[PDB]
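Colleague: Please see the structure below; I have some questions.
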Amino acid sequence: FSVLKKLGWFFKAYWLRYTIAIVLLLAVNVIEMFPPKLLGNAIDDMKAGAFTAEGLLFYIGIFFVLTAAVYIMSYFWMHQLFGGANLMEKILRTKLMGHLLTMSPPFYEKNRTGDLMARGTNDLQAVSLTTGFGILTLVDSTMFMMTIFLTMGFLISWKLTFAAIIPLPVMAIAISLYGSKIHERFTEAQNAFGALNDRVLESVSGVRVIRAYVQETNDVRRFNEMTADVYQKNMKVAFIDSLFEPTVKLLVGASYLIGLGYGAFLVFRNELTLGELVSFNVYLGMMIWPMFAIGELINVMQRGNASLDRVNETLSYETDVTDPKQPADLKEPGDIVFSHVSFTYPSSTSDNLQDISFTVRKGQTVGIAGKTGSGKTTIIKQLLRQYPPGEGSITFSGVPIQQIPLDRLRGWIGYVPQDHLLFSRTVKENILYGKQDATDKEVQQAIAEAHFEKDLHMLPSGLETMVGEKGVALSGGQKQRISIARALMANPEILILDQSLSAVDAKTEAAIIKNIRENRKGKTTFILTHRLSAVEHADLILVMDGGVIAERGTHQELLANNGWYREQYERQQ
Amino acid sequence: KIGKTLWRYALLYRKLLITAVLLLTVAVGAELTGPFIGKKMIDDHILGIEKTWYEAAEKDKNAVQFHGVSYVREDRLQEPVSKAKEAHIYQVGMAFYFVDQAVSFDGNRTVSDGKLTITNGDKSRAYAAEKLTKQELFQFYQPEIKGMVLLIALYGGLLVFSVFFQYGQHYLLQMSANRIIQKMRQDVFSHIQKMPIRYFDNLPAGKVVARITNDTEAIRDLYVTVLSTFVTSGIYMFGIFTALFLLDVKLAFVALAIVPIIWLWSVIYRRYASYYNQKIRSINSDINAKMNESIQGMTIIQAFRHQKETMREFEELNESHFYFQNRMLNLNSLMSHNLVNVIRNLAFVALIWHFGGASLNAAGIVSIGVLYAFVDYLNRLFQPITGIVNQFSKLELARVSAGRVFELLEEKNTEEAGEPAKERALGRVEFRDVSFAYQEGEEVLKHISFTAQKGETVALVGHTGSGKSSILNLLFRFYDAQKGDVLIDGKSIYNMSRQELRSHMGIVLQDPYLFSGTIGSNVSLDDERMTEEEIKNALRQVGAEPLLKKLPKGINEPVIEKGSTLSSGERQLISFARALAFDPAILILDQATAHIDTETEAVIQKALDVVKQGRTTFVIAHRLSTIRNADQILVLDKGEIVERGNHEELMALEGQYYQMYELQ
Ligand SMILES: CCOc1ccc(-c2nc3ccc(-c4nc5ccc(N6CCN(C)CC6)cc5[nH]4)cc3[nH]2)cc1
Ligand SMILES: CCOc1ccc(-c2nc3ccc(-c4nc5ccc(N6CCN(C)CC6)cc5[nH]4)cc3[nH]2)cc1
Ligand SMILES: Nc1ncnc2c1ncn2[C@@H]1O[C@H](COP(=O)(O)OP(=O)(O)OP(=O)(O)O)[C@@H](O)[C@H]1O
Ligand SMILES: Nc1ncnc2c1ncn2[C@@H]1O[C@H](COP(=O)(O)OP(=O)(O)OP(=O)(O)O)[C@@H](O)[C@H]1O
């Protein structure tokens with residue numbers, strides 16, 4: 001019941017649907033009490049001498065009217081409620097996705113992809129279950145149950161009613177108990193099945209090892225047989241599952257038998273008729289489902305409260321540190337100052353501090369060299385403003401980085417990361433990912449500038465060919481070239497390449513770098529390759545080691561002083 | 001076919017299934033007896049007053065007093081007097097009126113001026129009657145109370161026997177299902193172990209594991225469906241219709257109309273819901289795929305600002321999901337439970353109509369008990385209809401999963417054979433005109449032929465790295481008998497059993513998979529013969545490669561992850577340890593390209609200096625140290641042979657060694 005307090009925005013937004021549904025639902029829960037009592041009245045009239053065909057026609061017509069009303073109203077409340085449930089699922093998928101889109105790497109570094117994708121599947125389904133079936137069981141457990149009870153009391157008998165209803169709460173609490181124990185034992189057997197799946201995956205992936213060392217029919221067969229004998233301990237679940245139906249049958253049959261016997265004793269005492277007794281056995285059949293519904297509502301609302309808390313821990317309990325509160329800037333002429341900037345990710349308590357002091361101007365190609373894990377990508381990640389801003393300042397031609405409009409800023413940067421990730425689309429759509437406008441001749445010029453087009457028209461079935469999700473005709477260098485073409489099609493004021501060239505040898509990549517620097521014509525470009533060939537043509541070069549600028553200057557100064565530059569230039573060739 | 005194989009596995013464990021069906025049948029009979037007992041209790045005892053009564057001397061105990069006059073019931077008579085003051089106790093509304101005189105014929109009873117007038121059509125006839133007090137009616141209802149604590153006892157007694165048998169049948173159907181699935185999982189895994197590497201190399205591990213584990217859970221749900229939903233309810237419905245025909249055949253032939261209805265509704269539900277649920281499942285998979293692609297590629301979206309278009313695509317999928325889900329809601333509303341309630345109310349209509357017609361003329365006197373029994377039985381009949389229909393709709397996916405398993409089971413070209421390990425091989429390996437086309441069109445090996453010496457065979461190198469190399473590990477045993485020949489110690493590789501080939505080989509993969517359990521279990525693989533010898537070899541391992549971590553001070557360290565839990569170097573240590581444990585007779589080490597060449601690799605280099613002490617240690621010499629320390633070297637020209645010689649390749653082709661030095 002607590003979760004319904006949390007979703008007050010959903011019910012307040014859709015008060016009309018749920019109000020109509022609950023109105024029709026209470027109306028039809030009232031109308032279902034009339035057919036059995038009318039049947040009982042018909043029996044009493046038949047036993048009486050005053051029965052006539054007019055009475056037959058009246059009862060038949062009233063049954064048809066009530067039947068059609070119950071069907072129609074049933075359709076409409078089902079449509080309204082469960083449409084509300086599916087609609088809540090739609091709304092929460094929309095909210096979760098809109099949250100994920102407006103959220104930076106930090107949130108994914110904390111929360112793994114598996115947990116977020118689990119929130120989108122199980123938790124939304126649980127929440128939608130509460131807005132639908134949960135409301136329904138709340139209605140059918142309280143209002144339908146009490147309506148059945150009060151009708152059985154007033155319109156039939158109170159002694160019969162209180163006698164016959166004594167086993168039903170025992171059924172309710174027994175169903176809750178067996179449901180709990182089934183959940184425990186099913187969790188245990190599901191853990192065993194997961195162990196079986198893990199062992200079979202280990203055997204399949206390590207099938208070469210299981211064949212190499214002769215354990216084919218010796219050990220893995222024994223492991224799968226023993227773990228299948230452990231998965232055969234779902235009989236512990238069956239021992240509890242097979243008490244679910246017979247307990248119900250026993251208690252319900254006892255209730256029917258109480259109703260029959262006490263009704264047959266009360267008819268002797270002239271406190272009941274036959275038809276009231278028959279109607280009682282009908283209402284007893286109506287009353288069974290609520291006693292299940294109590295336990296199912298308990299499970300449903302608890303799981304939905306858990307799921308909604310889990311959703312709001314991401315949705316409401318997370319906010320991006322990114323707020324261009326007062327943009328008053330315009331496209332800046334590449335005079336980008338990093339006179340001091342320093343930061344870390346959360347991976348240390350300000351211990352492995354990246355600590356940089358640099359400046360660049362439009363056309364200043366800034367090659368960045370160094371060893372693995374040495375801060376090269378980190379500085380451009382700071383330039384990309386993905387993480388919250390470091391100490392010091394980055395400034396674009398006078399304005400700090402924080403005050404720049406975020407959309408415009410991120411649109412200036414054409415960034416090729418180290419992981420050339422594709423979206424499982426066509427190569428043409430992957431290139432137009434950068435410039436999402438309508439296609440024109442610029443895409444052909446752009447992919448021609450990447451130099452992969454000579455291979456693209458022939459080898460990977462032309463442009464219109466699916467790539468990603470294992471694609472077709474894969475290659476790391478081809479993905480790198482497609483990423484570069486995407487970046488070029490963006491047409492950035494500031495190009496950034498992080499190790500894209502490393503896939504293909506320097507012979508073609510150096511010419512590609514030269515053609516890029518020719519085509520850009522003084523636009524800012526950052527190059528970060530482990531190799532130094534592309535870096536050699538950079539008008540500005542820096543070398544980092546441990547997140548610190550070892551040296552900085554032209555290629556000649558590095559070749560003279562920095563031994564690492566000449567040594568790595570010679571080692572590659 | 002699918003159903004043929006399911007029947008094949010179910011005919012096994014036929015005793016449990018037959019036991020279950022028998023217990024079920026008894027439980028069903030017992031459970032359905034109760035309403036027939038209610039029929040008896042209604043028509044005999046509570047409506048016995050409606051039956052004719054006679055007047056006899058108060059000698060029998062059955063006779064009941066009525067204002068000092070003893071009246072005995074016709075059914076309860078012992079034939080002491082016929083037509084001796086025949087009496088009727090007719091019911092006028094809520095008042096049972098005694099009619100001492102022999103009633104001529106029944107009808108529409110009415111009470112006027114303390115006289116009962118019975119009208120039947122045009123004709124009418126009046127009699128004298130006196131309203132009975134509560135006590136008198138109760139006294140007349142007393143000659144039944146004694147016989148009502150047998151019917152009740154029977155209902156109680158046939159309801160506590162059914163309960164135990166119902167538990168028994170559900171448990172036995174379950175047990176039979178899980179045992180059948182146990183046999184199916186064992187058969188599938190044994191057939192997996194017989195099947196070739198090619199099936200694994202075609203599709204990933206996930207489809208294989210899904211066929212072994214997930215699809216067998218689907219088949220478990222299929223068997224439990226068929227048995228607990230279709231078979232159970234079928235027997236239940238059969239017994240119900242049996243009782244209904246024992247009660248009223250004319251009305252039971254109306255009640256049989258529900259069976260064509262169930263046929264029609266289950267057929268329509270299948271036809272539509274298969275489409276809608278297929279589209280919902282497909283679109284949900286598409287949505288989860290979009291979310292995974294986004295989360296993996298969020299940074300790229302933010303860089304290029306594709307979030308608006310991405311959200312547009314997401315909302316397109318989500319709205320199509322909402323449309324199909326709302327359509328399925330419309331179908332389920334019209335045609336799941338609301339229809340059940342309709343059928344129930346229409347059944348009550350048919351009851352009221354039929355028994356009202358009985359209340360016309362003189363066939364409506366003893367029939368109300370049948371009304372109660374029909375009302376009690378039909379609720380039992382209309383309950384499982386929804387379950388039947390929904391499970392019928394859901395059977396198609398289970399048949400798909402089962403067919404996907406029986407495709408695996410029915411596959412041919414199995415590698416079944418014995419494992420002779422009678423003697424240890426010397427390792428004089430050689431090859432003659434060996435050509436193997438794994439892709440049938442593309443030739444991968446072009447007449448390769450080289451004679452390894454009796455030990456000290458260290459001659460292997462890729463085609464300048466990442467060319468045509470690793471397939472030679474596959475050449476010996478995983479793929480065989482294409483063309484050419486390969487011999488070990490002067491005997492053919494193809495004639496021998498494949499397990500005999502594998503009996504003495506030992507291979508370290510590029511990605512050694514660390515098995516679960518203890519590190520001793522990860523090495524020995526729980527070999528039964530090698531229990532204490534595993535510890536004896538662990539002494540050698542700690543002597544050669546000491547435990548720098550030494551977390552539990554033994555061999556009890558459980559392996560947590562699949563690989564590189566502690567360090568990438570320890571993986572290779574465990575692999576070489578496993579190699580030296582089994583047999584140093586023949587062995588092919590990894591290429592070590594993925595490794596970073598840290599200082600820990602030097603320890604692995606020392607392990608190579610141990611591991612090369614064995615016989616015929618093939619090594620893809622990608623590393624510079626492996627190249628220089630090799631006894632012999634054999635670089636391949638795309639499956640052809642460049643030449644042979646550790647220094648001859650250095651002398652002739654200096655570019656190869658220089659390129660490998662530049663790379664490594
Ligand atoms: C995302 C959403 O997804 C859904 C999740 C669950 C269900 C769902 N599963 C159900 C199982 C049973 C019932 C159900 N079983 C019933 C048995 C009797 C009755 N009566 C008849 C009519 N009246 C009104 C109440 C009592 C109702 C019943 N309703 C409803 C159910 N609704 C539907 C959509
Ligand atoms: C002899 C007298 O006649 C009888 C009358 C009724 C039953 C009877 N036995 C039952 C056992 C289980 C259920 C039942 N099983 C359920 C499983 C799941 C759920 N819901 C639906 C979907 N949502 C999402 C979760 C919970 C409801 C369920 N209701 C109904 C049952 N009805 C037996 C005899
Ligand atoms: N997104 C992140 N979350 C947490 N820590 C990170 C993240 N990115 C980098 N790091 C830290 O920095 C290290 C790598 O730094 P960085 O990427 O600057 O090195 P690099 O030499 O530039 O790598 P490369 O040049 O190969 O891209 C990581 O191993 C980690 O310690
Ligand atoms: N499933 C397969 N079917 C057919 N051929 C395969 C299959 N898997 C690998 N190959 C063959 O492998 C050959 C070369 O690559 P391979 O997989 O041997 O690794 P590699 O590139 O040599 O790298 P390494 O240096 O690790 O050996 C290809 O000619 C290819 O046909």
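In the structure tokens, chains take letters A, B, ... by order of appearance, with residues numbered from 1 within each chain and ligands from 1 in the order shown.
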Could you list the residues in chain A lying within 6 Å of chain B, using only C-alpha atoms, and format the result as a PyMOL selection string?
Modeller: chain A and resi 46+48-50+60+67+71+75+212+214+242+246+268-269+410+434+572
Colleague: Go ahead and save the residues from that selection, with C-alpha atoms, as a compact mmCIF listing (two decimals), in the first residue's frame.
Modeller:
```
# COMPACT_ATOMS: atom_id res chain seq x y z
CA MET A 46 -40.39 -23.03 -8.59
CA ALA A 48 -43.66 -22.32 -4.61
CA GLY A 49 -46.92 -22.79 -6.45
CA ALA A 50 -46.97 -19.30 -7.97
CA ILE A 60 -34.00 -15.05 -18.23
CA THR A 67 -24.53 -10.79 -18.22
CA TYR A 71 -19.12 -8.34 -19.91
CA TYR A 75 -14.06 -5.03 -20.82
CA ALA A 212 42.99 -32.19 -25.09
CA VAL A 214 41.24 -36.74 -21.89
CA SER A 242 1.65 -29.96 -4.45
CA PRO A 246 -5.09 -29.89 -2.20
CA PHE A 268 -35.21 -28.07 8.65
CA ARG A 269 -35.58 -25.28 11.21
CA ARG A 410 29.96 19.36 -27.50
CA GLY A 434 27.67 13.03 -36.98
CA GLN A 572 58.79 1.22 -34.57
```
Colleague: Residues within 10 Å of ligand 2 should be enumerated using only C-alpha atoms and all ligand atoms and returned as a ChimeraX atom specification.
Modeller: /A:125-126,129-130,132-134,137,175,179,241,244-256,284-293,295-297,299-300 /B:31-32,34,159,376-384,387
Colleague: When you count only C-alpha atoms, which of these residues is closest to residue 3 of chain A: A:120, A:224, A:99, A:298?
Modeller: A:298
Colleague: Atom 18 (O, counted along the ligand's line) of ligand 4 and atom CA of residue 462 of chain B, how far apart in Å?
Modeller: 8.8 Å
Colleague: Given only C-alpha atoms as the basis, pick out the residue of A:19, A:307, A:94, A:217 nearest to residue 135 of chain A.
Modeller: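 Going through A:19, A:307, A:94, A:217 one by one, the smallest distance to residue 135 of chain A is for A:19.
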Colleague: Report as a list in words all protein, DNA and RNA residues lying within 10 Å of segment 565-570 of chain A, evaluated on only C-alpha atoms, omitting residues in the same chain fewer than 5 positions from it.
Modeller: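 What passes the distance filter is residues 369, 370, 530, 531, 532, 533, 536, 543, 555, 556, 557, 558, 559 and 560 of chain A; 662 of chain B.
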Colleague: Print the selection's residues with N, CA, C and O atoms to a file, as a PDB file, in the first residue's frame.
Modeller:
```pdb
ATOM      1  N   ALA A 369      52.107  12.427 -27.140  1.00  0.00           N
ATOM      2  CA  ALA A 369      52.797  11.148 -27.098  1.00  0.00           C
ATOM      3  C   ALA A 369      53.019  10.708 -25.659  1.00  0.00           C
ATOM      4  O   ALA A 369      52.945  11.506 -24.718  1.00  0.00           O
ATOM      5  N   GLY A 370      53.280   9.421 -25.505  1.00  0.00           N
ATOM      6  CA  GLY A 370      53.567   8.866 -24.200  1.00  0.00           C
ATOM      7  C   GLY A 370      53.338   7.372 -24.183  1.00  0.00           C
ATOM      8  O   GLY A 370      52.976   6.755 -25.185  1.00  0.00           O
ATOM      9  N   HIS A 530      50.105   6.371 -30.133  1.00  0.00           N
ATOM     10  CA  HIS A 530      51.337   5.827 -29.575  1.00  0.00           C
ATOM     11  C   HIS A 530      52.496   6.010 -30.545  1.00  0.00           C
ATOM     12  O   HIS A 530      53.624   6.302 -30.130  1.00  0.00           O
ATOM     13  N   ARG A 531      52.241   5.836 -31.840  1.00  0.00           N
ATOM     14  CA  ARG A 531      53.247   6.138 -32.843  1.00  0.00           C
ATOM     15  C   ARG A 531      53.551   7.634 -32.864  1.00  0.00           C
ATOM     16  O   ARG A 531      52.793   8.453 -32.335  1.00  0.00           O
ATOM     17  N   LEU A 532      54.675   7.978 -33.501  1.00  0.00           N
ATOM     18  CA  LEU A 532      55.141   9.353 -33.653  1.00  0.00           C
ATOM     19  C   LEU A 532      55.154   9.850 -35.094  1.00  0.00           C
ATOM     20  O   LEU A 532      55.548  10.998 -35.325  1.00  0.00           O
ATOM     21  N   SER A 533      54.738   9.037 -36.067  1.00  0.00           N
ATOM     22  CA  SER A 533      54.815   9.461 -37.462  1.00  0.00           C
ATOM     23  C   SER A 533      53.835  10.589 -37.758  1.00  0.00           C
ATOM     24  O   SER A 533      54.218  11.630 -38.304  1.00  0.00           O
ATOM     25  N   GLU A 536      54.778  13.742 -36.016  1.00  0.00           N
ATOM     26  CA  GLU A 536      55.951  14.457 -36.518  1.00  0.00           C
ATOM     27  C   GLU A 536      55.563  15.710 -37.295  1.00  0.00           C
ATOM     28  O   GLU A 536      56.250  16.736 -37.218  1.00  0.00           O
ATOM     29  N   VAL A 543      54.985  15.390 -24.831  1.00  0.00           N
ATOM     30  CA  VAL A 543      55.181  14.029 -24.342  1.00  0.00           C
ATOM     31  C   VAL A 543      54.839  14.008 -22.859  1.00  0.00           C
ATOM     32  O   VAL A 543      55.301  14.871 -22.100  1.00  0.00           O
ATOM     33  N   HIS A 555      59.232  18.834 -32.947  1.00  0.00           N
ATOM     34  CA  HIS A 555      59.845  17.519 -33.104  1.00  0.00           C
ATOM     35  C   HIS A 555      61.363  17.592 -33.009  1.00  0.00           C
ATOM     36  O   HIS A 555      61.998  16.644 -32.539  1.00  0.00           O
ATOM     37  N   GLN A 556      61.960  18.710 -33.428  1.00  0.00           N
ATOM     38  CA  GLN A 556      63.413  18.817 -33.421  1.00  0.00           C
ATOM     39  C   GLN A 556      63.953  18.888 -32.002  1.00  0.00           C
ATOM     40  O   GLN A 556      64.962  18.250 -31.683  1.00  0.00           O
ATOM     41  N   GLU A 557      63.285  19.649 -31.135  1.00  0.00           N
ATOM     42  CA  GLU A 557      63.719  19.751 -29.747  1.00  0.00           C
ATOM     43  C   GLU A 557      63.585  18.415 -29.030  1.00  0.00           C
ATOM     44  O   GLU A 557      64.446  18.048 -28.222  1.00  0.00           O
ATOM     45  N   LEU A 558      62.511  17.677 -29.310  1.00  0.00           N
ATOM     46  CA  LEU A 558      62.349  16.351 -28.726  1.00  0.00           C
ATOM     47  C   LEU A 558      63.423  15.395 -29.230  1.00  0.00           C
ATOM     48  O   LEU A 558      64.020  14.651 -28.444  1.00  0.00           O
ATOM     49  N   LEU A 559      63.680  15.403 -30.542  1.00  0.00           N
ATOM     50  CA  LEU A 559      64.701  14.530 -31.115  1.00  0.00           C
ATOM     51  C   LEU A 559      66.087  14.859 -30.582  1.00  0.00           C
ATOM     52  O   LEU A 559      66.933  13.966 -30.461  1.00  0.00           O
ATOM     53  N   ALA A 560      66.336  16.129 -30.264  1.00  0.00           N
ATOM     54  CA  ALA A 560      67.621  16.516 -29.696  1.00  0.00           C
ATOM     55  C   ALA A 560      67.723  16.089 -28.236  1.00  0.00           C
ATOM     56  O   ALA A 560      68.630  15.340 -27.857  1.00  0.00           O
TER      57      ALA A 560
ATOM     58  N   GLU B 662      61.003  -5.676 -34.326  1.00  0.00           N
ATOM     59  CA  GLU B 662      60.308  -4.392 -34.278  1.00  0.00           C
ATOM     60  C   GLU B 662      58.959  -4.521 -33.583  1.00  0.00           C
ATOM     61  O   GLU B 662      58.610  -3.707 -32.721  1.00  0.00           O
TER      62      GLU B 662
END
```
